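**Q** Protein chains in written order, with the authors' numbering: chain C, 1 to 232; chain B, 1 to 232; chain A, 1 to 232; chain E, 1 to 232; chain D, 1 to 232.
Every residue gets a Cβ at the ideal spot worked out from N, C-alpha and C, and that includes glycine.
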């Protein structure tokens, strides 16, 4: 198989005055004198694809005439999963009412470590409020590296303003993001019927979120396994 | 038609240094020395289309110059139906309150088998909860092979958290997926007015879901037949 | 004006080793030896363009060198209307509570026939339930041939499950479809405040839908006339 | 600057057998014998752009070799505004409860004429019901010529059917249209809490809509001025 | 590195009769006689990309043969952020109930000046009402120059018409805009449960918006810092 001098997206394409198309791939600049390669290189650059420069000399500023396009490159793609039995999960948590989302996250991580035992790694991403979750989830989904995304928050009616608009927007936005990027997004954003901060609700919801974390961990594991199964 | 050596999507396109464009179709690598075929092959690869390799020699690494493009290839297309009087249906069921979705599914399958008698086959897909249904439906619709998709769940107000957000998101997402992929999606996700788990509701909803399964089977058959009719 | 051997979408394009983009248009296969025509034919095929093969010989397998592209071909386009003072309307009706949608449809057809007197033709399409209307409307709008689409249903709260989710989904889906395809869609899907099946509601809603049919007929005629007016 | 024989969208492109690409622009047919211009003309036609045919002879059927592409042509573009201090506004009004929308429209027009004094022209468009406003707004926004669009209606709960579905659909559709076409759309569709047709409500809402018309006029003027300001 | 005669979007492309492709970049007109550059220049123009004309002579009407395409140009892109530790924020405020949004804005600006001390600059944009916020936010997001966008309004039930439709539309449209343009948009649009203008509510909501401004300032700083962090 031919040597891969550099693989990655074209950082910049420069058509020099000597009929050479200089393209920078994976931090290394390569140029080609082929007339047919110039429109192909331009199309590759404008399509957001990753090309692999192939030549006998892999040094900077070396000519090349061999290149491979697997399937419209990689670009922002190559996501929607990492590997079976070894993947990663992103846990986005809001910092409003942190003392309960913390319990949910601790239960989730503990259960995942108990079952998988190191096969699954969970990364924690902090976020100011429930409204900021859909965009963060979209970014983490398009970046790849993740087989599932979990978002946790505690949306509370404070008795002054109405809270249902933000909850509806967040739920619908998470659904839209997961449909757009084809990465599962599990919802642990919960809106109680009543919460008047009487320390009885405070004691109750700690344990209830402790249970919800384990439930979400099991759901995430099973959905990732099933999605990997039906793709074969 | 010419001898079809291999038909399928271009797994990878490799432009070698000898002015040859090597493309792998249906697991077999083929190369062209034609200058005009290279931009056409690149466009075919970037457009997500399937080409048909036509040549006298069908062995690996054999050159070819004949290719046929039916209609922008197949790619992710060729779905939205399998065949009249012989097709498949995907039954996505949630595992929350399984004892009732099970009754609905059994009624659906029994009625299907009663009328069609083996003409329609039902494949069964499990899912953690109602929130995971739209993405599974989108995947199964884009994969083709299915003339209709059925999603069943039982969304319950548990008395602690509000449940209407998830139900609204699920219904709207199922409709959006159905409009996006042009594959009918029938909804058997139901939200009762009251359910307090007093075994009276438990005994009632078993039979009611038993009825709903037969109703959904009839609706699926009729809608598939009508959609096949108006397309001629 | 040059003779039209065949006009329509390219059924299949076959670039043989002979470097000839053999193309089947309107059920007739035509081939060209022009080098410049091959990329143009490929672009037309991938863009869903309808080409008109023009040559002195219109028989199958005859060479051609003349072709006309009016405006990106026709493809799935040429819809959003048929002709002024002579067009068609699609009436999609649900089969749930058929005894009332029947009254609405009869009123609509009778009023149309009374005013236009044969200038407007109404085609009836059957559908199992309200949830299956938006996709049927999208298909009938994309197929062309129709200046307006009418969808009728009777969404009823049965006292067991909640019904507002499906009604909201249907209304929003019809609006989305009519915005997408630029074909007016008139809504005759109605949700009464109360309906307990006491034969008083049954007697009342027959006449009320009888009125609604005439109202919808007048609205459809007015909107089609106005839309045809502002487009000049 | 070179003479403009004809400027507009390519009505039809015809590649004759004499290696000439005949294109009709602004009602005049022009042909070119340049080999390089043919793919460029095809791309211009398929991209929905307007080209300006330039030649020493501007008569029909005259050869040309000069053409200018400003920015992907005009096509459906050139909208989202007409000119500062002199623009147009489209007033779409529903014919349901006309006696109140009439007061709103009269107030709007009178206030516009009082402040601008002929600098702003208001065009009136009639529509059978509130459900048919968003598509009309989308058409009038895509056609250009308008810096703002106003939609007025009176959505009323009649006591028989539920009315909130249509109102929600209309508001969301108007917002979606204004986001899609980048033309401001001001909402004067109003849903009162109670209206039982007791002639007290009828007398009150006349004056209230009279006030709302002036309010909408001021809002439209200020938003158009601000949008024109931030674009420099 | 080669001299930059002019960098920017192609204002207009003019293919003269002398086989020269004149392109205006950054207010300066440049022409090239290269046959291969003409399709590349046309593709660059139609793709909405910015090219950098490079030649030994940078004067108007000077020939060039060198050009660089970094990554599909800039065009409407280059947004979603300005720089770390030194960026800008757009504060869109509605003029309905200005005496409270003013308090919110003053708190926001004061807190940002207290912490950053001149590192972050806030620009104030006026808007007639809550309905006009999402489109303004979309414009300011697409123009670039901003790492975050804040929208403030006070949606009030006046006791005559229903207000929840507009609030829902505004929240959903703001979330849709922030997902479309990948620029965070923080919500300070608030809908109180009750507000009867008895000057007790007027005194209370002044201080409450004073608090909400500081809260939004902290949330904006945190979200910008985190988004800049995860992008490395």
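At 3 residues or longer, what runs of the beta strand (DSSP E) sit wholly inside the region 75 to 113 of chain A?
**A** DSSP runs (the beta strand (DSSP E)) wholly in the region 75 to 113 of chain A: 87 to 94.
**Q** Would you grab the beta carbon distance between residue 95 of chain E and residue 127 of chain E for me? Rounded to a whole angstrom, and I think it's under 8 Å.
**A** Sequence index remark: in the fourth chain, residue 95 of chain E carries index 95 (1-based). Sequence index remark: in the fourth chain, residue 127 of chain E carries index 127 (1-based). The pair is a contact, with the Cβ atoms about 7 Å apart (cut-off 8 Å).
**Q** If we count the other Cβ atoms within 10 Å of its Cβ and call it buried at 16 or more, is residue 99 of chain A buried or exposed?
**A** Residue numbering aside, residue 99 of chain A sits at position 99 when the third chain is read from its first letter. Exposed, because fewer than 16 other Cβ atoms sit within 10 Å of the Cβ of residue 99 of chain A.
**Q** Answer yes or no: do residue 75 of chain B and residue 50 of chain B have a C-beta to C-beta separation smaller than 8 Å?
**A** Working through the second chain from its first residue, we reach residue 75 of chain B at position 75. Working through the second chain from its first residue, we reach residue 50 of chain B at position 50. Yes.
**Q** Between residue 73 of chain C and residue 31 of chain C, is the Cβ-Cβ spacing less than 8 Å?
**A** Residue 73 of chain C sits at position 73 when you count from the first residue of the first chain. Residue 31 of chain C sits at position 31 when you count from the first residue of the first chain. The answer is no: Cβ separation not under 8 Å.
**Q** Against chain B, which members of the region 125 to 141 of chain C pass a CB distance test of less than 7 Å?
**A** Listed in sequence order: no entries.
**Q** Is the beta carbon of residue 219 of chain C less than 8 Å from the beta carbon of residue 186 of chain C?
**A** Here residue 219 of chain C refers to the residue found at position 219 of the first chain. Here residue 186 of chain C refers to the residue found at position 186 of the first chain. Closer than 8 Å, so yes.
**Q** Could you check whether the Cβ of residue 69 of chain C sits closer than 8 Å to any Cβ belonging to chain B?
**A** Within the first chain, numbered from 1, the residue matching residue 69 of chain C stands at position 69. So, interface residue.
**Q** Per the DSSP calculation, residue 126 of chain A is bridged to which residue(s)?
**A** Against the third chain, residue 126 of chain A aligns to sequence position 126. Looking at the DSSP assignment, residue 126 of chain A forms a beta bridge with A:93.
**Q** Roughly how far, in whole angstroms, is the beta-carbon of residue 25 of chain A from the beta-carbon of residue 14 of chain A, given that I think they are within contact range, below 8 Å?
**A** Position 25 of the third chain holds residue 25 of chain A. Position 14 of the third chain holds residue 14 of chain A. No, residue 25 of chain A and residue 14 of chain A are not in contact; Cβ-Cβ is about 13 Å, not under 8 Å.
**Q** Using beta-carbon positions only, say whether residue 55 of chain B and residue 85 of chain B come within less than 8 Å of one another.
**A** Within the second chain, residue 55 of chain B is the residue found at index 55, counting from 1. Within the second chain, residue 85 of chain B is the residue found at index 85, counting from 1. Not closer than 8 Å, so no.
**Q** Contact defined as beta carbons within less than 8 Å: I believe residue 134 of chain C pairs with residue 132 of chain B. What is the distance between those atoms, to the nearest angstrom?
**A** Against the first chain, residue 134 of chain C aligns to sequence position 134. Against the second chain, residue 132 of chain B aligns to sequence position 132. So it is not a contact: roughly 17 Å between Cβ atoms.
**Q** Quick one: what does DSSP say residue 204 of chain A is sitting in, helix, strand or coil?
**A** On the third chain, position 204 is the one that residue 204 of chain A refers to. Looking at residue 204 of chain A - three-state DSSP - the assignment turns out to be helix.
**Q** For residue 172 of chain D, would you say it is in contact with chain C, using Cβ-to-Cβ distances shorter than 8 Å as the test?
**A** Taking the first residue of the fifth chain as position 1, residue 172 of chain D is located at position 172. It does: the Cβ of residue 172 of chain D has a partner Cβ on chain C nearer than 8 Å.
**Q** If we call anything under 8 Å between Cβ atoms a contact, is residue 70 of chain D one with residue 12 of chain C?
**A** Mapped onto the fifth chain, residue 70 of chain D falls at position 70. Mapped onto the first chain, residue 12 of chain C falls at position 12. Result yes, Cβ atoms of residue 70 of chain D and residue 12 of chain C sit closer than 8 Å.
**Q** Using a 10 Å radius around the Cβ and a threshold of 16 neighbouring Cβ atoms, would you call residue 238 of chain D buried or exposed?
**A** Here chain D covers residues 1 to 232 and nothing more, so residue 238 of chain D does not appear.
**Q** Could you pull out every residue in the same chain whose Cβ sits closer than 7 Å to the Cβ of residue 166 of chain D, ignoring the five residues on either side in sequence?
**A** Taking the fifth chain and counting its residues from 1, one reaches residue 166 of chain D at position 166. Once the five neighbours on either side are set aside, the close Cβ partners of residue 166 of chain D are 130, 131, 155.
**Q** If residue 152 of chain E sits next to residue 89 of chain E, beta carbons under 8 Å apart, how far is it from one beta carbon to the other, in whole angstroms?
**A** Within the fourth chain, the letter at position 152 stands for residue 152 of chain E. Within the fourth chain, the letter at position 89 stands for residue 89 of chain E. Going by Cβ atoms, the distance from residue 152 of chain E to residue 89 of chain E rounds to 12 Å, so no, they are not a contact pair.
**Q** Kindly indicate which three-state DSSP category residue 216 of chain D falls into: helix, strand or coil?
**A** Numbered from 1 along the fifth chain, position 216 holds the residue referred to as residue 216 of chain D. Residue 216 of chain D falls in the helix class under three-state DSSP.
**Q** Output the distance between the C-alpha atoms of residue 39 of chain C and residue 145 of chain B, rounded to the nearest integer angstrom.
**A** Residue mapping note: residue 39 of chain C aligns to position 39 of the first chain, counting from 1. Residue mapping note: residue 145 of chain B aligns to position 145 of the second chain, counting from 1. The straight-line gap from Cα to Cα measures roughly 38 Å.
**Q** Would you say residue 189 of chain A and residue 170 of chain A are within 8 Å of each other, going by their C-beta atoms?
**A** Along the third chain, one-based indexing puts residue 189 of chain A at 189. Along the third chain, one-based indexing puts residue 170 of chain A at 170. Yes; because the gap between Cβ atoms is below 8 Å, this pair is in contact.
**Q** To be precise: take each residue of the region 67 to 94 of chain E, compare its Cβ to all Cβ atoms of chain D, and keep it if any distance is under 8 Å. Which residues remain?
**A** From the region 67 to 94 of chain E, only 67, 68, 69, 70, 71, 72 have a Cβ closer than 8 Å to chain D.
**Q** Have a look at residue 109 of chain B and residue 36 of chain B and give me their C-alpha separation to the nearest angstrom.
**A** Sequence index remark: in the second chain, residue 109 of chain B carries index 109 (1-based). Sequence index remark: in the second chain, residue 36 of chain B carries index 36 (1-based). Distance between the alpha carbons of residue 109 of chain B and residue 36 of chain B: 54 Å.
**Q** Helix, strand or coil, according to DSSP, for residue 14 of chain E in the structure here?
**A** In the fourth chain, counting from the first residue as 1, residue 14 of chain E sits at position 14. The answer is strand: DSSP assigns residue 14 of chain E an E or B state.
**Q** In three-state terms, what does DSSP make of residue 169 of chain E?
**A** In the fourth chain, the residue the question calls residue 169 of chain E occupies position 169. Correct three-state label for residue 169 of chain E: helix.
**Q** Going by beta-carbon coordinates alone, are residue 23 of chain A and residue 41 of chain A separated by less than 8 Å?
**A** Locating residue 23 of chain A in the third chain gives position 23, where the first residue counts as 1. Locating residue 41 of chain A in the third chain gives position 41, where the first residue counts as 1. Yes. Within cutoff.
**Q** Counting only beta-carbon atoms, is residue 45 of chain C nearer than 8 Å to chain B?
**A** In the first chain, the residue the question calls residue 45 of chain C occupies position 45. With 8 Å as the cut-off, residue 45 of chain C does not count as an interface residue toward chain B.
**Q** Is residue 112 of chain C closer than 8 Å to residue 217 of chain C when the C-beta atoms are compared?
**A** The residue given as residue 217 of chain C occupies position 217 in the first chain. The residue given as residue 112 of chain C occupies position 112 in the first chain. For residue 217 of chain C and residue 112 of chain C, yes; Cβs fall inside 8 Å.
**Q** Looking at the secondary structure, which residues open and close the beta strand (DSSP E) in which residue 156 of chain D lies?
**A** As a working mapping, residue 156 of chain D is identified with position 156 in the fifth chain. No beta strand (DSSP E) contains residue 156 of chain D, which DSSP labels as neither H nor E.
**Q** State the DSSP-derived secondary structure class of residue 187 of chain E, mapped to helix, strand or coil.
**A** Your numbering for residue 187 of chain E matches position 187 in the fourth chain. Residue state, collapsed to three classes: strand.
**Q** Report the neighbours of residue 166 of chain C on chain D: residues whose CB is nearer than 8 Å to its CB, in chain order.
**A** The sequence position of residue 166 of chain C within the first chain is 166, counting from 1. Result: 171, 187.
**Q** Measuring alpha carbon to alpha carbon, tell me which residue in E:5, E:125, E:19, E:83 is nearest residue 28 of chain E.
**A** The sequence position of residue 28 of chain E within the fourth chain is 28, counting from 1. Measuring from the Cα of residue 28 of chain E, the nearest candidate turns out to be E:5.
**Q** Can you list, in chain order, the residues of its chain with a C-beta nearer than 6 Å to that of residue 80 of chain A? Leave out the 5 residues immediately preceding and following it.
**A** Taking the first residue of the third chain as 1, we reach residue 80 of chain A at position 80. Counting only Cβ-Cβ distances below 6 Å, and skipping sequence neighbours, we find 182, 183.
**Q** Please check the pair residue 92 of chain B and residue 150 of chain B, which I expect to be a contact at CB under 8 Å, by giving their CB distance rounded to whole angstroms.
**A** Translated into positions along the second chain, residue 92 of chain B becomes position 92. Translated into positions along the second chain, residue 150 of chain B becomes position 150. The pair is a contact, with the Cβ atoms about 7 Å apart (cut-off 8 Å).
**Q** Look at the alpha carbon of residue 203 of chain C and the alpha carbon of residue 116 of chain D, and state the distance between them as a whole number of angstroms.
**A** Working through the first chain from its first residue, we reach residue 203 of chain C at position 203. Working through the fifth chain from its first residue, we reach residue 116 of chain D at position 116. When rounded, the distance between both Cα atoms is 38 Å.
**Q** Mind checking if residue 230 of chain A is an interface residue toward chain B, Cβ cutoff 8 Å exclusive?
**A** Taking the first residue of the third chain as 1, we reach residue 230 of chain A at position 230. With 8 Å as the cut-off, residue 230 of chain A does not count as an interface residue toward chain B.
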